[PDB]
Number of protein chains: 2
Amino acid sequence: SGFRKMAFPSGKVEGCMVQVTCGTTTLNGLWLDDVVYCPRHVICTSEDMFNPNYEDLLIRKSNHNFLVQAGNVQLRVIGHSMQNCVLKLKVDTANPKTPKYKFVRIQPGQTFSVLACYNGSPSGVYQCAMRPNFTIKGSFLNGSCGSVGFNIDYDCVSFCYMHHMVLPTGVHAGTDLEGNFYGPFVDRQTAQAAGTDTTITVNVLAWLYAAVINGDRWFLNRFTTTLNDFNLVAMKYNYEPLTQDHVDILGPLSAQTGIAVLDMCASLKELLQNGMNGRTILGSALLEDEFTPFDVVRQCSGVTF
Amino acid sequence: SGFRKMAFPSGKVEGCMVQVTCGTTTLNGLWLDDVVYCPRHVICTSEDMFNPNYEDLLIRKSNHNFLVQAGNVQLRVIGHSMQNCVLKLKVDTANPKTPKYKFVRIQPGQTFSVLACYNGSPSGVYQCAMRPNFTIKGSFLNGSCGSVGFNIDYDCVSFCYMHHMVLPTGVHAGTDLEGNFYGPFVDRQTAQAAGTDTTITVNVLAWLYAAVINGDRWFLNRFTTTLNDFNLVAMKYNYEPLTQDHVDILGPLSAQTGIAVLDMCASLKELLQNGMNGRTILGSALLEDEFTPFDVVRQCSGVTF
Ligand SMILES: Cn1cc(-c2cc(-c3cc(Cl)c(F)c(OCc4ccccc4Cl)c3)c(=O)n(-c3cccnc3)c2)c(=O)[nH]c1=O
Ligand SMILES: Cn1cc(-c2cc(-c3cc(Cl)c(F)c(OCc4ccccc4Cl)c3)c(=O)n(-c3cccnc3)c2)c(=O)[nH]c1=O
């Protein structure tokens with residue numbers, strides 16, 4: 001009963017967060033095995049950020065110019081390298097709290113938990129979605145760079161995001177753990193447009209299934225639609241087109257509730273054309289698109305880790 | 001930049017979660033030092049729940065009838081006692097991961113993080129508020145009993161909630177860690193009304209300050225009000241009365257933004273009387289009341305733990 005925006009338990013990631021200092025700049029790093037990962041702009045000063053030559057800047061740094069602390073445990077840096085937009089510092093000690101982990105590049109529309117950190121110390125945890133335009137709508141202040149996003153699969157942490165910057169529009173951009181930005185963005189203080197964003201249709205549908213399961217049912221109607229007819233409405237309202245692959249991903253929820261996917265599409269079509277008429281769904285007066293079908297099933301089934 | 005419903009990092013609580021089994025019943029317990037805390041209905045069968053005599057039921061249990069596992073570490077039970085609605089099992093081993101902690105009874109309108117658990121294994125973490133009627137709007141499935149709510153203050157975990165039950169209305173009820181229920185509720189399967197609930201006015205005001213800080217400003221107007229005039233509107237819309245103590249708690253946010261508390265009350269009054277006109281505030285089409293003034297300052301200042 002109930003439906004909340006729920007994050008993964010963050011303990012396994014907390015034990016990997018460290019503080020990385022290079023000269024005047026300090027930010028967050030991720031210590032896994034004997035490597036620390038952090039944004040490469042740790043090597044920049046404020047003046048460098050407008051058109052940094054990162055290869056040139058890194059050449060002026062030696063191992064001993066990087067200080068890494070895990071709590072008050074000082075780590076010794078014995079190597080450094082740059083991979084795309086991330087810096088990898090080899091340290092002389094393997095993190096004893098390293099969880100089972102992998103690095104994943106997530107798809108737009110997928111969700112993950114963010115552990116927001118400052119000066120290497122965890123501050124809070126929240127859930128969010130990779131937007132279709134490869135931004136995230138996070139909560140980040142100065143000093144949060146290097147905070148990571150992740151999913152947890154039983155005992156395995158899949159790291160998918162490292163925070164690098166806030167755009168002038170107030171939305172957030174970052175990389176995977178190989179240092180490749182999501183979206184068109186560069187780690188430079190220069191004008192950068194984010195794409196037109198859209199609403200994640202398959203997630204909205206999943207959330208409507210979650211609502212029915214919890215007893216919010218007023219939006220169910222006697223109409224149906226076709227995939228093609230629904231997608232005409234999706235395009236008008238700036239929703240992502242629904243594909244058969246999306247229909248298939250909703251199969252388990254359709255099976256549990258007995259509501260065909262295209263009938264739920266007919267409900268969503270009426271909500272888009274008519275609004276909510278002052279009503280709410282799972283405590284929201286908007287259509288929510290940051291729960292995936294997997295999220296809904298996990299929360300409506302009680303999967304643990 | 002951004003504003004999210006943010007939970008505390010849960011690692012310190014994860015290391016305290018255990019599985020408690022008594023006969024057929026298994027649920028979650030909290031292992032601190034050499035004591036495990038859990039709901040006393042762990043000693044009940046389904047048939048006992050309608051009018052249980054907990055003193056009589058506990059008399060039929062011995063130390064060896066309680067099994068406690070922390071992962072695969074089996075704990076030996078060497079004593080048991082009942083305190084109000086909680087059971088305390090003394091074990092032969094102090095939890096080596098016990099954080100600095102205290103037990104707190106929170107006030108209505110205060111927020112806390114919940115670590116939802118199943119069979120002793122953490123599942124997810126979310127933030128929520130103690131409602132004015134002493135329920136919480138959580139996300140709990142069968143098996144979540146014994147999950148705990150908490151706040152973290154640097155290195156100290158203040159445990160304030162243990163989950164006991166879902167009411168027929170789908171809202172959730174529980175105790176403090178001394179086993180005293182919040183609200184009028186009893187741990188019996190019998191009809192139980194929750195009070196009329198109300199909206200947490202001082203929290204809505206805090207969230208409006210958070211919105212201004214983040215650049216959502218359209219609801220600011222040229223009007224003002226008095227405490228008494230505003231409270232006439234509060235009563236009409238089922239908002240808690242605003243007191244001078246509430247005004248004082250909002251002092252820091254007033255000081256940061258330069259918006260007098262009573263001017264923000266004038267904004268809130270207009271929102272209550274006129275609605276949002278199809279607009280949103282911090283991504284919401286409703287007035288949000290589960291952020292306290294402390295929450296807003298923490299998230300808009302970057303406090304870590
Ligand atoms: C040295 N240093 C730097 C940072 C840090 C750096 C950045 C940051 C990083 C890079 Cl590469 C940028 F190109 C950048 O230009 C922003 C911009 C301006 C104009 C047009 C386009 C763009 Cl993109 C900004 C940042 O945005 N933030 C931040 C702040 C608030 C919320 N989220 C992120 C923080 C830090 O945290 N710690 C630390 O020590
Ligand atoms: C043995 N056992 C029991 C539980 C367990 C017990 C309960 C539960 C506990 C007590 Cl004391 C009750 F009086 C109770 O009557 C509900 C009720 C019915 C009619 C009128 C008023 C009321 Cl109050 C229910 C529960 O509500 N839930 C639950 C389920 C879904 C979400 N949240 C909570 C779970 C468990 O999790 N594990 C485990 O082993």
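Reminder, nothing fancy here: chain letters follow the sequence lines and each chain counts from 1. Every heavy atom of this structure was used, including side-chain atoms; hydrogens, water molecules and symmetry mates were not.
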Item to complete: For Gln256(A), enumerate each residue passing the side-chain contact (heavy atoms from CB on, under 4.5 Å) test, keeping only those at least two apart in sequence or located in another chain.
Response: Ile213(A), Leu253(A)
Worksheet entry | Heavy-atom pair of closest approach, residues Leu115(A) and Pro9(B) | CD1-CB, 4.2 Å
Worksheet item: Closest heavy-atom contact between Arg298(B) and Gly124(A)?
Response: NH2-CA, 3.9 Å
Item to complete: Could you tell me which portion of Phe305(B) (side chain, backbone, both or neither) has an atom closer than 4.5 angstrom to a non-hydrogen atom of chain A?
Response: both
Item to complete: Indicate the atoms forming the closest heavy-atom contact of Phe8(B) with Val125(A), along with that distance.
Response: O-CG1, 3.8 Å
Discussion item. Using a 6.0 Å cut-off, check whether atom NZ of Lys137(B) has over 12 heavy atoms from anything other than its own residue.
Written reply: yes
Response to the item:
In short, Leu141(B) meets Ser1(A) closest at the heavy-atom pair CD2-N, 3.8 Å
Worksheet item: Looking at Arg4(A) and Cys128(B), what are the two nearest heavy atoms and their distance?
Response: NH2-CB, 3.7 Å
Worksheet item: Where is the tightest heavy-atom contact between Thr304(B) and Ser123(A), given as atom of each residue plus distance?
Response: CG2-CB, 3.7 Å
Worksheet item: Tell me, side chain or backbone of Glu14(B) under 4.5 Å from chain A's heavy atoms, or both, or neither?
Response: side chain
Fill in: Partner residues of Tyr239(A) under the side-chain contact (heavy atoms from CB on, under 4.5 Å) criterion, sequence neighbours left out
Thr199(A), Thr201(A), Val204(A), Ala234(A), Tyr237(A), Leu268(A), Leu272(A), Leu287(A)
Worksheet entry | Residue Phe3(A) versus chain B: region with a heavy atom under 4.5 Å | backbone
Worksheet, complete the sentence: Ranking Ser121(A), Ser139(A), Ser113(A) by heavy-atom pairs under 4.5 Å to chain B gives rank one to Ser139(A)
Worksheet, complete the sentence: Assert top hit (heavy-atom pairs under 4.5 Å, partner chain A, pool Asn119(B), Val171(B), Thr280(B), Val303(B)) equals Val303(B)
Discussion item. Looking at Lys5(B) and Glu290(A), is any side-chain nitrogen of the basic one under 4.0 Å from a carboxylate oxygen of the acidic one?
Written reply: no
Worksheet entry | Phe181(A) atom CZ: more than 12 heavy-atom contacts under 6.0 Å | yes
